[PDB]
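Protein sequences, first through last, are from chains A and B.
If you count the first sequence from 1, you need to add 21 to reach the numbering used here.
If you count the second sequence from 1, you need to add 2 to reach the numbering used here.
All C-beta atoms in this analysis are idealised placements derived from N, C-alpha and C, irrespective of residue type, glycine included.
One structure below.
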Amino acid sequence: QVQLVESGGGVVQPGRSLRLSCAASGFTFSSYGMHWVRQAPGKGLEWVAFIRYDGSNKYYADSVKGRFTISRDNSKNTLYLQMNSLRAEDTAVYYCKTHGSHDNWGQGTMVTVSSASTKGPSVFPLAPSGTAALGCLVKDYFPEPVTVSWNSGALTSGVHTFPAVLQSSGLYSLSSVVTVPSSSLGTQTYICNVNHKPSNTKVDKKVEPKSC
Amino acid sequence: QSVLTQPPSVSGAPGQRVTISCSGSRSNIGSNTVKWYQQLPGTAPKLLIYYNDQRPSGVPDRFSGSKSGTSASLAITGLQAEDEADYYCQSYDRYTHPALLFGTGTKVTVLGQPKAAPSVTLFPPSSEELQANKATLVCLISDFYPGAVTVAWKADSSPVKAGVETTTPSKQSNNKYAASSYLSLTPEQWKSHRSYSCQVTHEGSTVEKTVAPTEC
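Below, the structure is given as structure tokens:
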């Protein structure tokens, strides 16, 4: 029963070091070369490094060469990835994979490299320019989640709060839009109610038509 | 360095046949064998094909691999709902070399509803944000199926590389997909061009929305 279990991942700031481990069992670990493969959220697979069955030779991708070091302890049936001088672009799930025709992968371990701390969002109105669309921009906050309502919850029809984008800086940004009739744009008032509990930020922003 | 190009999205109805291409060069696919992997959400890739066309035990024979010249292909004959997933080809670059080259990845959608083009809404930077010496263009994309889009930003007519942040498609409450793309600009860049455009390509068709600084 082949089994690979990665560990050592977590949240770290750029420039710091992290050591990943992959415990192997159910097969002769010392007879197989081993790979590290990573996958940033929503992106493709990227090969990271490879080590021969006996550790005699090591191979690295250019993006990690000089910063990561692959190693293995065959007496311990464990594979290691020493990651130094970590950068934001190293954020990814890191998988441990055997080398061969019939290969096996572990479940992966998540690595998040970010210098982001608790921060409340900056809310900006998305003014509308017989159905017109208006919203708010909830910009640069950390961590999730953010709750957005309209008119203290009285306006729920046609509301679409989009999932947040995770920026390279490690901060989040989302937008909430409401589709309303163009006729009620001059009479009705539209307030988006933003709440960011981690930073104790609650904002009520009024969205008005753009006028010179 | 070397890239194995795959189509971003392929789709077919249940029971239909789809193929996924994997284009390389003489050095890699032209000189090495190809693997194919299936990846479901939140799990590690799973081996489907090795040695170009060999199926591991337990892989249904409706998954068939082939290779010719510098290109490889994965065919799925008789799509089933469970086949909706990401698919990656994998090969090597030199002779008897160990570094793995993974393809760009293909999202396979098993069509459970008619194809739907995205609705695009492009918002300019608000006055409050520009007063803070910041500028963000918000391109909101909704009600499209399959859930695969490519977003391209244009300054006037020139492509924009820096400042783009795009989410992965997520299924809406109405079971269509939504995505958002943000273009971070300085107030000077936003006012030094006559317009900015968000181009959303979906199933070969492009939907463009343009915004200008003058219009208030």
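* Asked: CA-CA distance, B/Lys178 and B/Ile143?
  -> 11 Å
* To do: May I ask which residues mark the beginning and end of the beta strand (DSSP E) holding B/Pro161?
  => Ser160 to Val162
* Asked: In terms of DSSP beta bridges, what is A/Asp83 paired with?
  -> Paired residue(s): none; A/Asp83 is not in a bridge.
* So which residues of chain A does B/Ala46 contact, with C-beta pairs closer than 8 Å? -> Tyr116, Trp126, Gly127, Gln128 and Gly129
* Asked: Using the rule of at least 16 other Cβ atoms within 10 Å of the residue's Cβ for burial, across every protein chain shown, is B/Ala15 buried or exposed?
  -> exposed
* Terminal residues of the alpha helix (DSSP H) in which B/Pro189 lies -> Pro189 to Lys193
* To do: Taking only runs that begin and end inside the region 117-171 of chain A, name each unbroken beta strand (DSSP E) of 3 or more residues, in chain order.
  => 130-134, 143-147, 152-162 and 168-171
* Taking 8 Å as the CB-CB limit, is A/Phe89 close to chain B? -> no
* Asked: If you compare alpha carbons, which of A/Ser150, A/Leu206 and A/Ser106 is closest to B/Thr216?
  -> A/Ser150
* To do: Would you mind working out which of B/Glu84, B/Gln201 and B/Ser160 sits nearest B/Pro43, comparing C-alpha positions?
  => B/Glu84
* Asked: Any beta-carbon of chain B closer than 8 Å to the one on A/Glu67?
  -> yes
* Asked: Taking Cβ positions only, does A/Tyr211 come closer than 8 Å to chain B?
  -> no
* To do: Kindly indicate the opening and closing residues of the beta strand (DSSP E) around B/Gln133.
  => Not the beta strand (DSSP E): B/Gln133 falls in the alpha helix (DSSP H), residues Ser129 to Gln133.
* Nearest to A/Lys227 by CA position, among B/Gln133, B/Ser128, B/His195 and B/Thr169, is which residue? -> B/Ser128
* Ends of the beta strand (DSSP E) at A/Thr208? -> No beta strand (DSSP E) holds A/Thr208; DSSP gives it neither H nor E.
* Check whether the Cβ atoms of B/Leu76 and B/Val61 lie closer than 8 Å to each other. => no
* To do: Measure from the C-beta of B/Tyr53 to each C-beta in chain A and report whether the shortest distance is under 8 Å.
  => yes
* **From A/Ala113, A/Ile91 and A/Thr112, residue whose alpha carbon lies closest to that of A/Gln103** => A/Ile91
* Helix or strand or just coil, what does DSSP make of B/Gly149? -> coil
* Look at the Cβ atom of A/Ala148, then the Cβ atom of A/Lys64, and state whether they are nearer than 8 Å. => no
* Could you confirm whether any beta carbon from chain A is found closer than 8 Å to the beta carbon of B/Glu210? => no
* What is the DSSP secondary structure of A/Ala175, counted as helix, strand or coil? -> coil
* **Closest by C-alpha distance to B/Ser172, when choosing among B/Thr188, B/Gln191 and B/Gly149** => B/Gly149
* Asked: If you count every other CB in all the chains shown that lies within 10 Å of the CB of B/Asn30, and 16 or more means buried, which is it?
  -> buried
* Asked: Going by other Cβ atoms of all chains shown within 10 Å of its Cβ, with 16 needed for buried, is A/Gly87 buried or exposed?
  -> exposed
* Asked: Residues of chain A with a CB under 7 Å from the CB of B/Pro58: which are they?
  -> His123
* Asked: Using a beta-carbon distance cut-off of less than 7 Å, what residues from the region 121-154 of chain B approach chain A?
  -> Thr123, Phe125, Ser128, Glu130, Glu131, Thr138, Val140, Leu142 and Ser144
* Could you tell me which residues DSSP puts in a beta bridge with B/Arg28? => Its beta-bridge partners do not exist; DSSP assigns none.
* So, does the CB of B/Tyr90 fall closer than 8 Å to a CB anywhere in chain A? -> yes
* Asked: Rounded C-beta distance between A/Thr130 and A/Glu27? I'm assuming under 8 Å.
  -> 4 Å
* Asked: For B/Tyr39, is the classification buried or exposed, using 16 other Cβ atoms within 10 angstroms of its Cβ as the cut-off for buried?
  -> buried
* In chain order, what residues of the same chain lie with their CB nearer than 6 Å to the CB of A/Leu192, ignoring the 5 residues before and after it? -> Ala137, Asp161 and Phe163
* In chain order, what residues of the same chain have a beta carbon less than 7 Å from the beta carbon of B/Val209, not counting five sequence neighbours either side? -> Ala119, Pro120, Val122 and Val202
* Asked: What number of angstroms, rounded off, separates the C-alpha of A/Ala175 from the C-alpha of B/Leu139?
  -> 28 Å
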